[PDB]
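Protein chains: 4
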Amino acid sequence: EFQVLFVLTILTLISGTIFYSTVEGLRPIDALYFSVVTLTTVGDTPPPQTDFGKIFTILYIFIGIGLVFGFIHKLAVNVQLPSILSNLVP
Amino acid sequence: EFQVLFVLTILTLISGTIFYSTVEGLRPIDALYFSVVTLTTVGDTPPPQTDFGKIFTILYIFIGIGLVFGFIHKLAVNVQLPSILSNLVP
Amino acid sequence: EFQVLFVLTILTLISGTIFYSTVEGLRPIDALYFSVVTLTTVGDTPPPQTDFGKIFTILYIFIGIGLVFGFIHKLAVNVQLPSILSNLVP
Amino acid sequence: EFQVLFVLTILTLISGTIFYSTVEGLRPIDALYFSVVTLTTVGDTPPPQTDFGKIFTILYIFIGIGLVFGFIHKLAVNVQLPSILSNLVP
Ligand code: NA
Ligand code: NA
Ligand code: NA
Ligand code: NA
Ligand code: NA
Ligand code: NA
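Residue numbers (this note's numbering), protein chains in the order written: chain A, 1 to 90; chain B, 101 to 190; chain C, 201 to 290; chain D, 301 to 390.
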C-alpha cells in the first residue's frame, strides 16, 4: 500500500518535472517544486506562462491531487502515527 | 455517480470560464485556469481585480469546492484506483 | 446543523473582515476576500504586511479552517446533493 | 490526543521557523508564517529562493501536512465542537 502510493507519487512527480522543465523552461528542481506545491495545493509559485502549461496543469491537478493526498494520508497515518503512538506508551 | 460528478464539474467550470473572461477580461483559457486553481485551492494566480469578481469568487468557492473535490475523490477512488489495484495482482 | 455552521462561518468571516480592514488597512470587500481565500486555503492574495496581521492570520487559520470546511461539507453534502440527486430520479 | 497533536504541531513549526530564518534569511515571525501557510496549503507567500529551501520545503510539506490537518481536525472536532454544540442546548 504505502510502497505502492510511494511509487505512484514518484512517477507523477517525475512526469511533472520533465513537463515543466521542457515546456515552461524551468530548471529541474524548480520544475519538481512547482509540481509538488501544485499537487499539494500550496501553489505558492507563479502560474505557467504557456497555454500548453496551463492545459497540462489543469489535467495534472485533477489526476494527481487524489493520489498525492492518498499517499500523504498514509505517510503519517500508517508510518508516522505508530512511530509516535507506540512510543507514547510508557 | 462519476459521470454525474463529471458533468456537474464541467458546468461549474464553464460558468467560471464565462464569468472571468467577461468580467475580469481574461482569455478563455486563462479564465478556465483561474476557475480550476481556485476551486482546487491551488490558487497560484493573482486575485480578481473587480469587486464583482471578488464577490462572485467568494460564492463560487463555497458552492464549487465541495463538488470539485467530490469528483476528484472518485476520479482516483473509483476510476484510477482499480486500474492500478487490479493490475497489482500477479 | 447547516444553519448553525452557516452562522458560525458568518461570524468568523465578519471578525476577519473587521480585523484586516483595520490592521492591514484593506477596504471591507478586500478584507472579506482575504478572509475567505485564507480559510479555504485558496490564498491567492499577498500576505499581511504587519506582524500583528501575520500573528492573527496564523491563529485565524488554525481556528477557522476546520469550521469553514465543515460548513462546506454540508452546503453541498446536505443541501446541494439532494437537489441534484433527487432530480436525477426519472 | 489533542495535547499530543498540539505538541507535535509545535515541534514541526519550530523546525520550520529555525530552517527558514537561517537558510532563507527570514525574520523569525516571517519564517513561522511561511511554515504555517505552507503546511496548511494557504501558500500566500513567495516561494523559497534557495535550492536548499526548495528541497526542504518539498519534504516538509509531505511530512507535515498530515500532522497539521490531523491537529486541526481535533482543535475544532474535539475542542471547539462541544463548546458550541453543548451550548446549543437550551
Ligand atoms: Na492553496
Ligand atoms: Na494557495
Ligand atoms: Na500566490
Ligand atoms: Na488547499
Ligand atoms: Na498562492
Ligand atoms: Na506576486
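Here a beta-carbon is modelled for each residue, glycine too, at the ideal position from N, C-alpha and C.
query, result
"For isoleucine 272(C) versus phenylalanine 152(B), is the C-beta distance shorter than 8 Å?", "no"
"For the alpha helix (DSSP H) that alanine 76(A) lies in, which residues bound it at each end?", "Neither: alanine 76(A) is in no alpha helix (DSSP H) and is coded neither H nor E."
"Find out if the Cβ-Cβ distance for the pair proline 247(C), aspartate 344(D) is shorter than 8 Å.", "yes"
"Would you say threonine 338(D) reaches chain B, if we count a Cβ-Cβ gap shorter than 8 Å as a contact?", "no"
"Using a strict less-than 5 Å threshold between each residue's beta carbon and the heavy atoms of ligand 2, what residues do you get?", "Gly43(A), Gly143(B), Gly243(C) and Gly343(D)"
"Would you decide whether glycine 325(D) is buried or exposed? Buried here means 16 or more other CB atoms lie within 10 Å of its CB.", "exposed"
"Would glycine 16(A) pass as an interface residue toward chain B - the criterion being a Cβ-Cβ separation below 8 Å?", "no"
"Quick check on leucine 305(D): does DSSP put it in helix, strand or coil?", "helix"
"When burial is assigned at 16 or more other CB atoms within 10 Å of the CB, is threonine 150(B) buried or exposed?", "exposed"
"Which same chain residues end up closer than 7 Å to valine 36(A) when comparing Cβ atoms and leaving out the 5 residues on each side of it in sequence?", "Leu13"
"Contact criterion: CB-CB distance below 8 Å. Does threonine 209(C) meet it with respect to chain F?", "In the displayed structure, chain F is absent; the protein chains listed are A, B, C and D."
"If I follow the unbroken alpha helix (DSSP H) through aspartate 344(D), where does it start and stop?", "That residue, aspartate 344(D), is in no alpha helix (DSSP H); it is neither H nor E in DSSP."
"Under DSSP, the alpha helix (DSSP H) around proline 382(D) begins and ends at which residues?", "380-385"
"Just the Cα atoms here: how many angstroms apart are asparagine 178(B) and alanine 376(D)?", "30 Å"
"Taking only beta-carbon positions, decide if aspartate 344(D) is within less than 8 Å of chain C.", "yes"
"Cα separation between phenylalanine 102(B) and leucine 288(C)?", "13 Å"
"Taking Cβ positions only, does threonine 12(A) come closer than 8 Å to chain C?", "no"
"Cβ closer than 8 Å: which chain C residues qualify as neighbours of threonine 41(A)?", "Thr241"
"Quick one: which chain D residues come within Cβ less than 8 Å of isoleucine 72(A)?", "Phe362, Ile365 and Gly366"
"Compute the distance between the beta-carbons of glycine 370(D) and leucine 311(D), then report whether it is under 8 Å.", "no"
"Who are the neighbours of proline 147(B) on chain C, taking C-beta pairs under 8 Å?", "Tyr233, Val237, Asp244 and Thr245"
"In three-state terms, what does DSSP make of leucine 159(B)?", "helix"
"Under the three-state reduction of DSSP, which class applies to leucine 67(A): helix, strand or coil?", "helix"
"Is the Cβ-Cβ distance between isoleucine 165(B) and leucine 132(B) less than 8 Å?", "no"
"Using a Cβ cut-off of 9 Å, pull out every chain A residue sitting near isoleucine 158(B), in sequence order please.", "Simply none; closest approach about 18 Å."
"Using a strict less-than 7 Å threshold between each residue's beta carbon and the heavy atoms of ligand 4, what residues do you get?", "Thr41(A), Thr141(B), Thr241(C) and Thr341(D)"
"Taking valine 304(D) as the query, report the chain A residues whose CB atoms sit under 8 Å from its CB, ordered along the chain.", "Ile84 and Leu88"
"Using 8 Å as the threshold, is the C-beta distance between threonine 217(C) and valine 342(D) below it?", "no"
"Tell me which same chain residues have a C-beta within less than 6 Å of the C-beta of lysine 154(B), skipping the five on either side of it?", "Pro148"
"Indicate the three-state DSSP secondary structure (helix, strand or coil) for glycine 325(D) in the structure shown.", "coil"
"Are the C-beta atoms of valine 277(C) and some chain B residue less than 8 Å apart?", "yes"
"Taking Cβ-Cβ distances shorter than 9 Å, what residues in chain B pair up with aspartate 30(A)?", "The contacting residues do not exist; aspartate 30(A) stays about 14 Å from chain B at best."
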